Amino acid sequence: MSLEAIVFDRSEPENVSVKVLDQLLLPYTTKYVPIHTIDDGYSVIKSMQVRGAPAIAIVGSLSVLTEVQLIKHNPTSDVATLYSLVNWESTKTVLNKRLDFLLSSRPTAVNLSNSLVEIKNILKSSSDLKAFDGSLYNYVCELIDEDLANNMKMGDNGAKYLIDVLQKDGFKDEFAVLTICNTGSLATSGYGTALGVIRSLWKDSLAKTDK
């Protein structure tokens, strides 16, 4: 999948893998960056190797999950030594600090903050790391699956809305649209926001020309 900004293998809920396209190098170079820790999440966001508001939130969120799974699976790893694992409150203190670090990556898009607030709420109601791990896995799956489903929904909402506006105005012809930046599968979990609407419009147009 040439267009997938974030490749999330969720097939082992306890041992997910995450890698991201380096968007600095597209379109001629397709290179993946592994995500293992919050430092990786911070790094790819700050450097704009991953960008796009929702993709930023998704990679950020995923990097917390890979981090907590790594410290479970390798208590001797570099990241694990940041933690006093003997004590849940002490563990949370460092995790919260690292969530604040991640938040500082790039300020303007709000998606990341919105997700990190939710992750903190999950952390505050988890009794131990294991519970947090499981609930965070659920959270990231939901964040991603809702992002894609909602992109399709909004795409169709926007397409229908414009067609209805034009049909009311008695416009009957071919039309063009303008867009800016990147809001497609490269900026999101897939399908996209403004580019989603354009994709929905294209589907409608193909149906019409087929006929």
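The numbering used is simple: start at 1 and walk along the sequence shown.
**Q** State which stretch shows the higher mean Cα B factor in the entry: 48-56 or 169-177.
**A** Per the PDB entry, the higher value belongs to 169-177.
**Q** Select between 133-141 and 87-95 the stretch whose C-alpha atoms have the higher average B-factor in the entry.
**A** Comparing 133-141 with 87-95, the higher average CA B-factor belongs to 87-95.
**Q** Please pick out which of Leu103, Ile119, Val110, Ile71 has the largest Cα B-factor as recorded in the entry.
**A** Of the options given, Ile71 has the highest CA B-factor in the PDB entry.
**Q** Please say which third, lowest, middle or highest, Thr66 falls into when its CA temperature factor is compared across its chain.
**A** Within its chain, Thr66 is a middle-third residue by C-alpha B-factor, going by the deposited values.
**Q** Please say which third, lowest, middle or highest, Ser43 falls into when its CA temperature factor is compared across its chain.
**A** Its C-alpha B-factor, which the entry lists for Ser43, ranks in the middle third among residues of this chain.
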